[PDB]
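Here's the structure we're looking at; comments come further down.
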Amino acid sequence: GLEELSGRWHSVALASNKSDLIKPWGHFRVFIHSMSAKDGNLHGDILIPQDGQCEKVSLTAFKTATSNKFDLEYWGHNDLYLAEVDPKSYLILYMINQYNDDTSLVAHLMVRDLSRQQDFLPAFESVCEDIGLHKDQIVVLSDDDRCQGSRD
Ligand SMILES: CC(C)=CCC[C@@H](C)CCO
Ligand SMILES: [Mg+2]
């Protein structure tokens, strides 16, 4: 179950229909570090880049009545969906974000093994297509080494 998502993950790519959300300074330009399951809720420590420094924040995505849908408060309300996952290799999620009368779609790919990140970018591109994003709305994070001290 959810507990198999526990442990170390590495962010590979983001996508959004609102480019500002995933720009280098954007609300959802954050790096996953680790996840854990507690009470069937999904807990996650993320790393937030901030002017050469980096903040570690613990978030909880709360289970809902819908399988694989979670409530996450982060820059507004998010309906967080676990779209595709192999707990031992990769995880694709997307969120419907409600913030200040704006509604946006944000997707996120993470992997267990960064040397394999190329293996799963196509699966991410396909999920993005299915939720209506195009390939030019994807940002690959391989040039963004901020928070490198915390991302080991
Ligand atoms: C709460 C959790 C396990 C993960 C949050 C992931 C989003 C904040 C990713 C954003 O791009
Ligand atoms: Mg590098």
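Residue names in the structure tokens use chain letters A, B, ... in the order shown, residue numbers from 1 in each chain, and ligand numbers from 1 in the order shown.
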Would you kindly return, as a list in words, each protein, DNA or RNA residue with an atom no farther than 8 Å from any atom of range 124-136 of chain A, considering only C-alpha atoms and excluding same-chain residues fewer than 3 positions away?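 Within the cut-off, the hits are residues 15, 16, 17, 83, 92, 107, 109, 120, 121 and 139 of chain A.
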Just the residues within 10 Å of residue 7 in chain A, please, counting only C-alpha atoms, with nothing from its chain fewer than 5 positions along; format it as a PyMOL selection string. chain A and resi 33-37+44+87-88+112
Please provide as a VMD selection string all residues within 12 Å of residue 93 in chain A, with the sequence filter that same-chain residues fewer than 3 positions apart are discarded (counting only C-alpha atoms). chain A and resid 11 13 to 16 61 68 to 70 78 to 86 90 96 105 to 111 123 to 124 127 to 128 131
Given the choices A:117, A:142, A:89, A:97, which gets closest to ligand 1 if the distance is worked out from only C-alpha atoms and all ligand atoms? A:97
Neighbouring residues of residue 99 in chain A were defined as those with any atom within 10 Å, considering only C-alpha atoms; residues of the same chain fewer than 2 positions away were excluded. Please report them as a list in words. residues 74, 75, 76, 77, 78, 96, 97, 101, 102, 103 and 104 of chain A
If you keep N, CA, C and O atoms, can you produce a file of those selected residues as a CSV table (one decimal), in the first residue's frame?
chain,number,residue,atom,x,y,z
A,74,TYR,N,-1.1,23.8,0.1
A,74,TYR,CA,0.3,24.3,-0.3
A,74,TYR,C,0.0,25.4,-1.4
A,74,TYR,O,-0.3,25.0,-2.5
A,75,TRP,N,0.2,26.6,-1.1
A,75,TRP,CA,-0.1,27.7,-2.0
A,75,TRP,C,-1.5,27.5,-2.5
A,75,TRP,O,-1.8,27.6,-3.7
A,76,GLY,N,-2.4,27.4,-1.6
A,76,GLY,CA,-3.8,27.2,-1.9
A,76,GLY,C,-4.2,25.7,-1.7
A,76,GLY,O,-3.5,24.9,-1.1
A,77,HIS,N,-5.4,25.4,-2.1
A,77,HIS,CA,-5.9,24.0,-1.9
A,77,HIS,C,-5.5,23.2,-3.2
A,77,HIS,O,-5.7,23.7,-4.3
A,78,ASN,N,-5.1,22.0,-2.9
A,78,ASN,CA,-4.7,21.1,-4.0
A,78,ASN,C,-5.5,19.8,-3.9
A,78,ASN,O,-5.5,19.2,-2.9
A,96,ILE,N,-4.6,19.6,-8.9
A,96,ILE,CA,-5.4,20.7,-9.3
A,96,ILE,C,-5.3,21.7,-8.2
A,96,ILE,O,-5.8,21.5,-7.1
A,97,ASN,N,-4.7,22.9,-8.5
A,97,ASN,CA,-4.4,23.9,-7.5
A,97,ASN,C,-5.4,25.0,-7.6
A,97,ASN,O,-5.7,25.6,-8.7
A,101,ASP,N,-8.6,32.6,-6.8
A,101,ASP,CA,-9.5,32.6,-7.9
A,101,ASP,C,-8.8,32.1,-9.2
A,101,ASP,O,-9.4,32.2,-10.3
A,102,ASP,N,-7.6,31.5,-9.1
A,102,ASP,CA,-6.9,30.8,-10.2
A,102,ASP,C,-7.0,29.3,-10.0
A,102,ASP,O,-7.0,28.9,-8.8
A,103,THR,N,-7.2,28.6,-11.1
A,103,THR,CA,-7.2,27.2,-11.0
A,103,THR,C,-6.1,26.7,-12.0
A,103,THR,O,-6.2,27.1,-13.2
A,104,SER,N,-5.2,25.9,-11.6
A,104,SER,CA,-4.1,25.4,-12.4
A,104,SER,C,-3.9,23.9,-12.2
A,104,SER,O,-4.3,23.3,-11.2
Would you please give, as a PyMOL selection string, all residues of range 29-138 of chain A that DSSP assigns to helix (DSSP H, G or I) based on the backbone? chain A and resi 114-130+135-137
Can you tell me which residues come within 9 Å of ligand 2 when counting only C-alpha atoms and all ligand atoms, ideally as a ChimeraX atom specification? /A:142-145,148
Give the strand (DSSP E or B) residues of range 36-75 of chain A, as DSSP finds them on the backbone, and put them as a CSV table (one decimal) with N, CA and C atoms, in the first residue's frame.
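Final output, saved to selection_12.csv:
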chain,number,residue,atom,x,y,z
A,36,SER,N,6.8,9.3,3.7
A,36,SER,CA,6.4,8.3,4.7
A,36,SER,C,4.9,8.3,4.8
A,37,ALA,N,4.3,7.2,5.2
A,37,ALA,CA,2.9,7.0,5.4
A,37,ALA,C,2.5,6.9,6.8
A,38,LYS,N,1.6,7.7,7.3
A,38,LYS,CA,1.2,7.7,8.7
A,38,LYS,C,-0.3,7.9,8.7
A,41,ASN,N,-2.2,8.7,5.5
A,41,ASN,CA,-1.9,10.0,4.9
A,41,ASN,C,-0.5,9.9,4.4
A,42,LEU,N,-0.3,10.7,3.3
A,42,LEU,CA,1.0,10.7,2.7
A,42,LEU,C,1.8,11.9,3.2
A,43,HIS,N,3.0,11.7,3.9
A,43,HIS,CA,3.8,12.7,4.4
A,43,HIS,C,5.0,12.9,3.5
A,44,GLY,N,5.4,14.1,3.4
A,44,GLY,CA,6.5,14.4,2.5
A,44,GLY,C,7.4,15.5,2.9
A,45,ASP,N,8.7,15.4,3.0
A,45,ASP,CA,9.6,16.5,3.2
A,45,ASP,C,10.1,17.0,1.9
A,46,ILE,N,9.9,18.3,1.7
A,46,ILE,CA,10.3,19.0,0.4
A,46,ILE,C,11.3,20.0,0.8
A,47,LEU,N,12.1,20.4,-0.3
A,47,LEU,CA,13.1,21.4,-0.2
A,47,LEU,C,12.8,22.6,-1.1
A,48,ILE,N,12.7,23.7,-0.5
A,48,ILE,CA,12.3,24.9,-1.2
A,48,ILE,C,13.5,25.9,-1.4
A,49,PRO,N,13.9,26.1,-2.7
A,49,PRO,CA,15.0,27.0,-2.9
A,49,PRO,C,14.6,28.4,-2.6
A,50,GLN,N,15.6,29.1,-2.0
A,50,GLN,CA,15.4,30.5,-1.5
A,50,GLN,C,16.7,31.2,-1.5
A,53,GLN,N,19.9,29.8,-0.3
A,53,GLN,CA,19.5,29.0,0.9
A,53,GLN,C,18.4,28.1,0.5
A,54,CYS,N,18.1,27.1,1.3
A,54,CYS,CA,17.0,26.2,1.1
A,54,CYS,C,16.3,25.8,2.4
A,55,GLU,N,15.0,25.8,2.3
A,55,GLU,CA,14.2,25.5,3.5
A,55,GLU,C,13.6,24.1,3.3
A,56,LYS,N,13.6,23.3,4.4
A,56,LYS,CA,13.0,22.0,4.4
A,56,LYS,C,11.6,22.1,5.1
A,57,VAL,N,10.6,21.7,4.4
A,57,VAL,CA,9.2,21.8,4.9
A,57,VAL,C,8.6,20.4,4.8
A,58,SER,N,7.9,20.0,5.9
A,58,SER,CA,7.1,18.8,6.0
A,58,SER,C,5.7,19.1,5.6
A,59,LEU,N,5.2,18.4,4.6
A,59,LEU,CA,3.8,18.5,4.2
A,59,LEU,C,3.0,17.2,4.4
A,60,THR,N,1.7,17.3,4.6
A,60,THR,CA,0.8,16.1,4.7
A,60,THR,C,-0.2,16.2,3.6
A,61,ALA,N,-0.3,15.2,2.7
A,61,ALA,CA,-1.5,15.1,1.8
A,61,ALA,C,-2.4,14.1,2.5
A,62,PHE,N,-3.6,14.6,2.8
A,62,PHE,CA,-4.6,13.8,3.6
A,62,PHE,C,-5.5,13.0,2.7
A,63,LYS,N,-5.7,11.7,3.1
A,63,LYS,CA,-6.5,10.8,2.3
A,63,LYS,C,-7.9,11.4,2.2
A,69,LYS,N,-6.6,10.0,-4.4
A,69,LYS,CA,-6.8,11.4,-4.4
A,69,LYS,C,-6.6,11.9,-2.9
A,70,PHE,N,-5.8,13.0,-2.8
A,70,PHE,CA,-5.4,13.5,-1.5
A,70,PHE,C,-5.7,15.0,-1.5
A,71,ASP,N,-6.0,15.5,-0.2
A,71,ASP,CA,-6.1,16.9,0.0
A,71,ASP,C,-4.7,17.5,0.5
A,72,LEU,N,-4.2,18.5,-0.2
A,72,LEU,CA,-2.9,19.0,0.2
A,72,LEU,C,-3.0,20.5,0.2
A,73,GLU,N,-2.7,21.2,1.3
A,73,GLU,CA,-2.7,22.6,1.4
A,73,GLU,C,-1.3,23.1,1.2
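Distances here use only C-alpha atoms and all ligand atoms; by that measure, the residue among A:10, A:116, A:18, A:27 closest to ligand 1 is A:27.
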